[PDB]
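Architecture and fold: a report
If you want the building blocks of each chain, they are given just below.
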Amino acid sequence: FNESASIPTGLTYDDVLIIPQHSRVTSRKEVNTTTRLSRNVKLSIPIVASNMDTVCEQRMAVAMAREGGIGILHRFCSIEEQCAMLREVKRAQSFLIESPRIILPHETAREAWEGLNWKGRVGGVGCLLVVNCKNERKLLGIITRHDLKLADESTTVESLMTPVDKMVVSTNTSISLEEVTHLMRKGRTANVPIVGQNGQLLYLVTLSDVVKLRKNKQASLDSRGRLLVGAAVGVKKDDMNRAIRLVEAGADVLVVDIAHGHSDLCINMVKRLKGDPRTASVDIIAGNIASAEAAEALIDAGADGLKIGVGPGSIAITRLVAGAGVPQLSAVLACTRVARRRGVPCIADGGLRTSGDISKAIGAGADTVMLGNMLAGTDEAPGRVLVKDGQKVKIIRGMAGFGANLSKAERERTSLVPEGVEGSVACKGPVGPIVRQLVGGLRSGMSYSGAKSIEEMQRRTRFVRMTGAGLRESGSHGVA
Amino acid sequence: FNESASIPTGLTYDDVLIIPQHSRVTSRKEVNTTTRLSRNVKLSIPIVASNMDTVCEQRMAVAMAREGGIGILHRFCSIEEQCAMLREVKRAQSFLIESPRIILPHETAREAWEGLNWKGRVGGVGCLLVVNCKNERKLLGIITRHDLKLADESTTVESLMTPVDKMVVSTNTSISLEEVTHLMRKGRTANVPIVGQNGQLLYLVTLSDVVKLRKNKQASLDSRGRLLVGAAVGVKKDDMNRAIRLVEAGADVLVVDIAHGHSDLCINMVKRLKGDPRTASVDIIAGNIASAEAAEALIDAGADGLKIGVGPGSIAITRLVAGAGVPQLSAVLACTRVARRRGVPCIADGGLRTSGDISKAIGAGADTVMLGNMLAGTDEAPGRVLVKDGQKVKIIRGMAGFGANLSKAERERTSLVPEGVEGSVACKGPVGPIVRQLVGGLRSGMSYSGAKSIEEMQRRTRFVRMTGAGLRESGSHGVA
Amino acid sequence: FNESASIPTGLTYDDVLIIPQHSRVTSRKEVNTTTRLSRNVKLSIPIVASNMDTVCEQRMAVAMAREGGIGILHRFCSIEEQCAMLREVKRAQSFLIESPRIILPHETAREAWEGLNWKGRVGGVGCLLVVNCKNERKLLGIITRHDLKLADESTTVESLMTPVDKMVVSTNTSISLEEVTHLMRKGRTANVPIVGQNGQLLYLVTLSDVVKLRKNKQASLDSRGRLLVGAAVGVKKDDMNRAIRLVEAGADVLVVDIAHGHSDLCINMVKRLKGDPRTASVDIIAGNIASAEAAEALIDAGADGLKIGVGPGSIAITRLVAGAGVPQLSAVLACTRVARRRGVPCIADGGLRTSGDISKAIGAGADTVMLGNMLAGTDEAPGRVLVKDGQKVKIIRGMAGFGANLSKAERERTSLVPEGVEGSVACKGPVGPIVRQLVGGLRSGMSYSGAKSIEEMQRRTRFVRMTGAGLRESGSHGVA
Ligand SMILES: Nc1nc2c(ncn2[C@@H]2O[C@H](COP(=O)(O)O)[C@@H](O)[C@H]2O)c(=O)[nH]1
Ligand SMILES: Nc1nc2c(ncn2[C@@H]2O[C@H](COP(=O)(O)O)[C@@H](O)[C@H]2O)c(=O)[nH]1
Ligand SMILES: Nc1nc2c(ncn2[C@@H]2O[C@H](COP(=O)(O)O)[C@@H](O)[C@H]2O)c(=O)[nH]1
Ligand SMILES: Nc1nc2c(ncn2[C@@H]2O[C@H](COP(=O)(O)O)[C@@H](O)[C@H]2O)c(=O)[nH]1
Ligand SMILES: Nc1nc2c(ncn2[C@@H]2O[C@H](COP(=O)(O)O)[C@@H](O)[C@H]2O)c(=O)[nH]1
Ligand SMILES: Nc1nc2c(ncn2[C@@H]2O[C@H](COP(=O)(O)O)[C@@H](O)[C@H]2O)c(=O)[nH]1
Ligand SMILES: [K+]
Ligand SMILES: [K+]
Ligand SMILES: [K+]
């Protein structure tokens, strides 16, 4: 039976351990996890939230960027819906707030409360600038939640506002962080509007944003100090329109995402996106792939990053429906060998269950990991909490399954051989502490490889293969 | 321990994945699944229903041919019974209906209803031609279910019939599909009898059959426009008599089927079948085999197709009773290497659980797959629905087990070391949608291999081996 | 502890058995199950499908009426939606079809096919009458599915139609069933339009409807030969508008349905419905109640029928959330004692698990039973089939639970302490055979009471109480 002997063996994460190496690491603090998402996008931590409609919408994208990673907004929504989520992410924080929310002086406190609970930002906004009219936005004063706390619904805005002559106001549209910090410290105020030469409202700077920018600059930020966020598109004719509008909404990267990324459909979508100035202003990531030849083709088509993984996802059953796939450790090894020589970062997407798997993925050459299941069921993941026979749970479902595709039909106003499933995950709490523990686990693995950086982790890691017997010894055994 | 190291390793479907390849496939519609069952028999889809007495009798054979595959009628029945199932399959549809059912004009509506519910076709027939007597069949008119809907049981046929002078009748025994379509369109009628020069009834053409022939020519048809169907025989002296009578009944292929096909018993049965003009008019398929040497021997004996599989069947325990077998992927690889050079198609028989396994079998060189378990418990599978501790189930049982062999004794009017078992499967509904989903899964696997045809799938597919750890990552993991 | 001793004991179905009595019943056919739903509505069988959004929409209501029972359309939909379901039920069959579907002669076969698949009747319609224009409906001919079977999408209706001068047409707007049967038998036709003095189309009579009316008159029919159907309303101001529109749509009874029917809200809704001529034309049923005092109050308010049951429903948890309820056998006994003296039929609603429970409910005085769980998951029940960890299932959910109430918000375009739950039931197949088996079980229980009628069952039944030990002996014990 000679044909069988020539078939190569592919490995997944559970097939290997990282071999301990000489470590000069003395402090857990010396281990730097900064990495590249794509050719022109750096991240403080190598964690990407999956573009799944049970993992990443605006609340997850905001949380991931705040931890120093990023979320990819899923495309199983209308273009209008996807862009709206993106604008909400961009609205979470800023340095100079463009188009700050305003109100007119003859309006009521009831209308002030409605403006403060603006649906354009999760949590609303903390102040409204009082202006004479919508067209001129001549600044008359400012009103905050605090100023409304004892008001009757009928009380006028101007009766409760701080007038502009009592405000600290600037005309410096280039004001620095140090300068506005000085104005707030000296003026003992929490809001500095920026106005034009005719007193018209141009920007707002808030103490909340200044405090964040002065603190740990872990957060993933664009050039305006807003949170970084990506968005997924498909490969159909209409996806080009989606891509253009996502970039207009502020997308920092686009992710071309189809099950079989080694296809002309994906290669031609990448070429189209790099060929149009309306979309070529942002890095184009493409997947999903699992071979050296596929990496070469997508890189040659112009991809700024590659997403690796055919079948390993928790809710994925491509391997059961089509029979196709590559064990994920071998896929990462093969794809990153090609990509590293061309300078193209790779996302290891799918099949990760523990922080230990993240260490292995980075050790096998990945620059980032993409997580679905490990982040599903967190507070910030979309969906309702449900009681699944006793405990609190949330839905996780494949994007090639029935549930996600009927929901894509219900949201976009519209013969499926499914390649994903639906299930529940236990509610995990806020995603922040979970991400921090995963990064802490990665740092432990880097210390075992003697690595103080991601590039050192990729260069220094050596693996040893284990049998099923070795795998059992690796988890907890013999206790209850 | 050197002897052990020289034993080769055989692989089954769960040992490998199809490696994704460059795909130029743009539309799911561009993927053609047409294939060969045997040297002279083509099929639109590569699915064969197993010759098991819990899988394929007349209703399953009809359904499979209608989907573009085929069923193999099992031989655990009397010759008379096997031939009767075959004639019912052939009676399901036709272009020219030979010996159409008739009735005499002085008969009653009660007798008309009995003739319409003729046991020679599942569902009966829709019309009876009224003729003067059984010997001359001079056409007097036609009576349909519609004409009986308000009749009393005592009303005469001729009182309710449409008379012949009001019918559209032809004398063209070579009438084309376009010509009879024109006669039906112009005559605004649903039945065109074909009569001889003396008005005697020769054939009938019905609108139902014309509509089918005008629609999607997916269905597996013989030269008369009837559904294709095969039949199994053994290797005993009496099996030659069974074979002759099956061919007379309309069998389109014969399948010589014994557990150990690499035996003189099987080789000599193939030689006997090719040597007799009463059976050599149809392709002779033989199995079951699992080695290159076995393929060579059966091909040299004259086989037009090979059936591959020793032990992998869901209900099979040959490997537990005799200890013999070959892991099915390696068996397909080895057998098809020999057979492809001789032009002999191969059926991968047994051990298939998902559409993904079908993609692997075709990728390993098989031209068709044979399914037992995946089709058992469908509406069209034989047997009664049963309640197995709550839910609706149907029996599936091995043909070398006790249950099937006592039933073979009860049907043919008649020291077993069993090599099959009995069990239940959940009721699956109609087989049609299940077959369509399996073919859809296969098309997905072909797209991953970049293949637009079965021959391209066989040439282009490359496998990667996975460990048990890789297999776990391949299904659903970490969700409920 | 004397206070405790004075609390009476309530019984449920599992607490009692029907004591066998002297039976003169010789044939299973002698047992008549005809009963009253309400003062002025009779049913051939005593089975009512529950007004739950997982049990009864138009397909279930049609099936129940065809078996001789009735369905109550649920109100967790817009008024427009509830009325639309009702009109579809009324459209399922008729004697004189009002406003039969028409088409114009210059239209295409493609437009004919669209008219035949009219969404106003489940399954569409079988013919379209060809008329000169929508305003006059002068009959020009008729076109059927059969006439389109060989047409091109572009072929004109008038080219394919049967012209009116070749049709059998009547001007008798009072035509009897015997007379139209004669016209169809003599004319050898399946459609008899009824036209006016100027040839304008007034009604259509079809052979399908005639055959049904000639067969077993088991079906629950209104005076026009359409299927009987009821509809639920609440007790809010807007429910009066819903009630008026339901009656206009053809509702044969209205069911005032709230959890606590012994309340001024329910009593005043009944009084309002009986007091308005727009709703007083149909029987008003009210519930849910569980005491003699409650029956007296609703009867005094004018109820034509009572629905009995507080808490016993399969998906109901009123008893766990509020702590209130009455064991269902005792509730039926107490309520029917009052109602029988006033001539008001009672529906035993909830907690029924087997046909044996139905016999007990009727024996305890109920005129009908209402079933949710036993009919959920049938083909005709609403909702999608789902795979719940292996087998095919359908959702069943309480109308006071979260799932049904969010769906009521999604359908009507809109602080819940839930009193119902959600769950799955195994798919049961078509509801018809299930209903027939339940009625067969009831007939067996009636035979044990020596009863040949429902009234005899209510008068003759005697119960014996069993302990938990007796209950175990009653089901299957000691076998696998
Ligand atoms: N006041 C105000 N804050 C905004 C607006 N848009 C976004 N934000 C964000 O909302 C946060 C304000 O926090 P606060 O202290 O106002 O609750 C900051 O991160 C700020 O950038 C806006 O229009 N007005
Ligand atoms: N084959 C397949 N992969 C999916 C499907 N849905 C999500 N995925 C993949 O699974 C990844 C998540 O993997 P997880 O971290 O949950 O194991 C996603 O980022 C995506 O690449 C699906 O329906 N089919
Ligand atoms: N009328 C008629 N149909 C037959 C006979 N034998 C087989 N059939 C098949 O029964 C089907 C007729 O459908 P119908 O429209 O008659 O229900 C066709 O597929 C036809 O070929 C026969 O003897 N008479
Ligand atoms: N060894 C053995 N094979 C069987 C027996 N019965 C059926 N088979 C094989 O099992 C195949 C069905 O495999 P399945 O698709 O159910 O896994 C049949 O086509 C036949 O080759 C049996 O009793 N013993
Ligand atoms: N032809 C026709 N049938 C209707 C219409 N509305 C309801 N139906 C019902 O549809 C059924 C007709 O069955 P057919 O034989 O037309 O398939 C009958 O029960 C009939 O009452 C209509 O407008 N036209
Ligand atoms: N208390 C309560 N009863 C319900 C609820 N939903 C349905 N029901 C009752 O339960 C009955 C169905 O009972 P089943 O036949 O499923 O045991 C319905 O007809 C209705 O009276 C609910 O959410 N709460
Ligand atoms: K361990
Ligand atoms: K998987
Ligand atoms: K018993």
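As summarised from the PDB record, the model derives from X-ray crystallography at a stated resolution of 1.903 Å.

Within the PDB entry, the label attached to chain A reads GMP reductase, and the organism entered is Trypanosoma brucei brucei. Quoted verbatim from the Function (unreviewed entry) field of the UniProt record, the comment on chain A reads "Catalyzes the irreversible NADPH-dependent deamination of GMP to IMP. It functions in the conversion of nucleobase, nucleoside and nucleotide derivatives of G to A nucleotides, and in maintaining the intracellular balance of A and G nucleotides." Recorded under Sequence similarities (unreviewed entry), the UniProt text for chain A is reproduced unchanged: "Belongs to the IMPDH/GMPR family."

This part takes up the overall build of chain A. Helix and strand counts for chain A come out as 17 helices and 23 strands. A globule of 480 residues ought to have a C-alpha radius of gyration of about 23 Å, and chain A, at 25 Å, matches this closely. Principal-axis analysis of the C-alpha atoms places the extent of chain A at approximately 90 × 60 × 50 Å.

The next point concerns the relation of the copies chain B and chain C. At an RMSD of 0.0 Å, chain B and chain C line up after a rotation of 180° and a shift of 0.0 Å along the axis. The transformation relating the two chain copies, once decomposed into turn and shift, fits a two-fold axis. Considering only C-alpha atoms, the residue of chain B closest to the rotation axis is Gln391 of chain B, which sits at 4.0 Å.

Let us look at the interface of chain B and chain C. Taken together, the contact between chain B and chain C spans 12 residues of the former and 12 residues of the latter. Taken together, the elements giving at least two residues each to the side of chain B that touches chain C come down to α6 (177-187) and α7 (207-214) of chain B. The dominant element in the side of chain B that touches chain C, judged by the number of residues it contributes, is α7 of chain B, at 4 residues. Split into classes, the residues belonging to the side of chain B that touches chain C amount to 6 nonpolar, 3 polar and 3 charged.

All names here are of chain A. By the secondary structure assignment, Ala112 is in helix α4 (residues 109-116). It is 51 Å that separates the C-alpha atoms of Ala112 and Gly311, two residues lying 199 residues apart in sequence. What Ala112 contacts, discounting residues up to four positions off in sequence, is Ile103, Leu128, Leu148 and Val157.

This part takes up the relation of the copies chain B and chain A. Least-squares fitting of chain B to chain A yields an RMSD of 0.0 Å, with the superposition described by an axial translation of 0.0 Å and a rotation of 90°. This pairing of chains is accounted for by a four-fold axis. Closest approach to the rotation axis within chain B is made by the C-alpha atom of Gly468 of chain B, at a distance of 5.3 Å.

Two side chains carrying opposite charge are able to pair once their charged atoms lie near each other. Between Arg24 of chain A and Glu456 of chain A there is a salt bridge, with the nearest N and O atoms lying 3.2 Å from each other. Between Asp222 of chain B and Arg226 of chain B there is a salt bridge, with its nearest N and O atoms 2.7 Å apart.

Contact with chain B, which involves 46 residues of that partner, is made by 45 residues of chain A. Within the residue set of the side of chain B that touches chain A, elements represented by two or more residues are β1 (16-18), α12 (328-342), α13 (355-363), α15 (431-448), β22 (463-466) and α17 (468-474) of chain B. The leading source of residues in the side of chain B that touches chain A is α15 of chain B, at 7 residues. Class assignment of the residues belonging to the side of chain B that touches chain A gives a composition of 18 nonpolar, 23 polar and 5 charged.

The subject of this paragraph is the pairing of strand β15 (residues 283-289) of chain B. Residues and elements named next belong to chain B. For strand β14 (residues 253-257) and β15, the ladder comprises 5 bridges, and the chain directions are parallel. Bridge pairing in β15 links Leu254 to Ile284. Regarding the hand of the β-α-β motif, the stretch spanning β14, helix α9 (residues 264-275) and β15 is right-handed. Summarising the sheet, β15 and strand β16 (residues 305-308) pair through 4 bridges and their orientation is parallel. Residue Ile285 lies in a different strand from β16, and its bridge partner there is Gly305. Taken together, β15, helix α10 (residues 292-300) and β16 form a β-α-β motif whose crossover is right-handed.

Residue and element names in this part refer to chain C. Structurally, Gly302 is set in the loop between α10 (292-300) and β16 (305-308). Along the primary structure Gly302 and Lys274 are separated by 28 residues, whereas in three dimensions their C-alpha atoms are 6.9 Å apart. Not counting residues within four places of it along the chain, the set of residues in contact with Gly302 comprises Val270 and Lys274.

Each strand in a sheet pairs with another by means of backbone hydrogen bonds, the pair being arranged parallel or else antiparallel. Residue and element names in this part refer to chain B. Ordered by their spatial adjacency, 4 strands build an open sheet running β7-β8-β9-β10, and the pairing between neighbours is mixed. The outermost strands of the open sheet, each flanked by one partner alone, are β7 (102-103) and β10 (162-163). Where β7 and strand β8 (residues 127-131) come together, 2 bridges link them in parallel fashion. If you follow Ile103 over to β8, its bridge partner there is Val130. Across the face of the sheet, helix α4 (residues 109-116) comes into contact with β7, β8 and β9 (139-144) while running at roughly 125° to β8.

Residue and element names in this part refer to chain B. Where β8 lies against β9, 5 bridges are found, and the strand directions are antiparallel. Paired with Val130 across the strands is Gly141, a residue of β9. Here β9 runs beside β10; their pairing, made up of 2 bridges, is antiparallel. Residue pairing across strands places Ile142 opposite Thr162, the latter belonging to β10.

Right, let's get into the UniProt feature "domain: CBS" (unreviewed entry) in chain A. All names here are of chain A. Following the UniProt record, one finds the feature "domain: CBS" (unreviewed entry) at residues 96-159 and 161-223. Within the segment residues 96-159, helix and strand shares are 17% and 23% respectively, and the terminal C-alpha atoms sit 28 Å apart. As annotated, residues 161-223 has a helix share of 30% and a strand share of 21%, and its two end C-alpha atoms lie 33 Å apart.

Before going further, it helps to spend a moment on the arrangement of the chains. There are 2 pairs of chains in contact here; the most contacts are made by chains A and B. For the non-touching pair chain A and chain C, the nearest C-alpha separation works out to 10 Å.

A few words now on the packing of α10 of chain B against α12 of chain B. All names here are of chain B. One can describe the packing of α10 onto α12 by two numbers: an axis separation of 7 Å at closest approach and a directional angle of 35°. Crossing angle aside, the handedness with which α10 passes α12 is right-handed. Of the residues in α12, those in contact with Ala292, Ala295, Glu296, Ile299 and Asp300 of α10 are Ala334, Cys335, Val338, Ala339 and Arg342. Grouping the constituent residues of the contact of α10 with α12 by class yields 7 nonpolar, no polar and 3 charged.

Here is what the cut-offs are and how they apply
Residues numbered from 1 in each chain as written, not as in the entry; some residues may be left out. Chains lettered and ligands numbered in written order. Part of a larger assembly, values for the part shown. Heavy atoms only, no water. Residues with missing side-chain atoms left out of burial classes, pairs and counts. UniProt positions renumbered as here; feature names shortened; annotations may be inferred. Helix = DSSP H or I, 4+ residues; strand = E, 2+ residues; numbered from the N terminus. Rg over C-alpha atoms; globule rule 2.2 N^0.38 Å. Least-squares fit on C-alpha atoms. Contact = heavy atoms within 4.5 Å. Nonpolar A, V, L, I, M, F, W, Y, C, P; charged D, E, K, R; others polar. Salt bridge = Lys/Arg side-chain N within 4 Å of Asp/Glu carboxyl O. Pairing = 2+ DSSP bridges. Right-handed = clockwise from strand over helix to strand, strands pointing away. Axes fitted to C-alpha atoms, helices over the stretch in contact; angles between N-to-C directions. Left-handed = near helix turned anticlockwise from the far one by under 90°.

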